[PDB]
Structure formats: structure tokens, C-alpha cells
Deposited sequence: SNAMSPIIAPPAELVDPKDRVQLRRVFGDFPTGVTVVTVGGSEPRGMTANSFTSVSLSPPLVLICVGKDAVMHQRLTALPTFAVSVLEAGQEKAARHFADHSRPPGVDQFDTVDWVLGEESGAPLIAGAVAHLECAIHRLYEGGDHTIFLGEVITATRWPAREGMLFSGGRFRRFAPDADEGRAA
């Protein structure tokens, strides 16, 4: 039975936003106090120049970091990394002593070990996005592990792929 959504109702809006499935990333930065934040707003944008974007809430600490720093990293989380996804979504101590990570050579940001891919990006534009800021980054380098497959987030829940039937 179809549910009509009142866009002013944020409970309902979050329900419909949840209808579009995504992967899950952890965005990280270096600097004097490196930080990570779980993000599903990651979107690949352009091939030439190679661009991606993320949308970050204005009240997140990560927002203040990204506005101040020239680069960030994206770690696309693999199917078995729900613990890492939850950890970097916690609002609440080294944030990174729970997880295995390797230093990003271009971003100076911790890259999450076990990820499907790492992308290190230079911040190119900041665009207004309502209660978020849209950060457009140019991909400086990336590394991927072809054997790995991403975790999923849909309907407000973490989910898994069915193995490819072809």
C-alpha cells in the first residue's frame, strides 16, 4: 500500500531517502587531529576531470575539518565491515585505535584497511546543499582490491548482496 510522503516530515523523508540503496564509505582527513565519518552520500561525478562528491552535515565536526583541509580520503567499506561503519557513525580517545588503517600518502588521512577501495581527493569546490555542504573533490589517486565487494545500506539497515547469478 503506497505511502504518501510529506517532505516536511523528516521521519517520512528519511523513509523515502532510504528507498535508494547505496554502499557505505568512511570519509577521513589528516591534519593535526585526523578524523573519520561514516558517509553514504558519496557519488561519483565526472571522468574528466575525475571528480566525486560527498554531502556533509553542517553540524558535523568533519564539516569543520573539510572546510579547513585541502584533501580528504574515501574508504569504500567491504561487506564484512559493519563494525567500522557503526564506529565512524558514533557521535562520541583515538578514533582510529579500533580499526586497522594505513596512511594515505597524498591526503595524510588514515585509509581504512579491508576496504573495497581507497580514493584520495583534493577539495575542488564547496557548494551549498541545504543543511549539508556538498564537497566536490578531484581524485588524485585510488587503489582497489578486486576480490572485495561493498557492504550495502538500504531502508535504514545494513544489507548484503546475493552472489551474482550470472
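- Of the deposited sequence, the ranges 1-10, 103-106, 181-185 have no C-alpha coordinates according to the record.
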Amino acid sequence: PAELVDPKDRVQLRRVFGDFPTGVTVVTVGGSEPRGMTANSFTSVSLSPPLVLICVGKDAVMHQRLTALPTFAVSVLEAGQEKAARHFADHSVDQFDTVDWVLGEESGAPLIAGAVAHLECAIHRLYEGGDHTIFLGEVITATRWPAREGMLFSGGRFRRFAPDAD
From here on, numbers count along this sequence of modelled residues.
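- Just going by the entry, 104-112 versus 51-59 on mean CA temperature factor gives the higher value to 104-112.
- The mean C-alpha temperature factor is higher for 94-102 when 94-102 and 30-38 are set side by side.
- Per-chain ranking of the deposited C-alpha B factor places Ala79 in the highest third.
- Ranked within its chain, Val24 lands in the lowest third, by CA B factor from the PDB record.
- When the modelled residues of the chain are ordered by C-alpha B-factor, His118 sits in the lowest third.
- Per-chain ranking of the deposited C-alpha B factor places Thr133 in the middle third.
- Remark: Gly156 belongs to the highest third of its chain, ranked by C-alpha B-factor as recorded.
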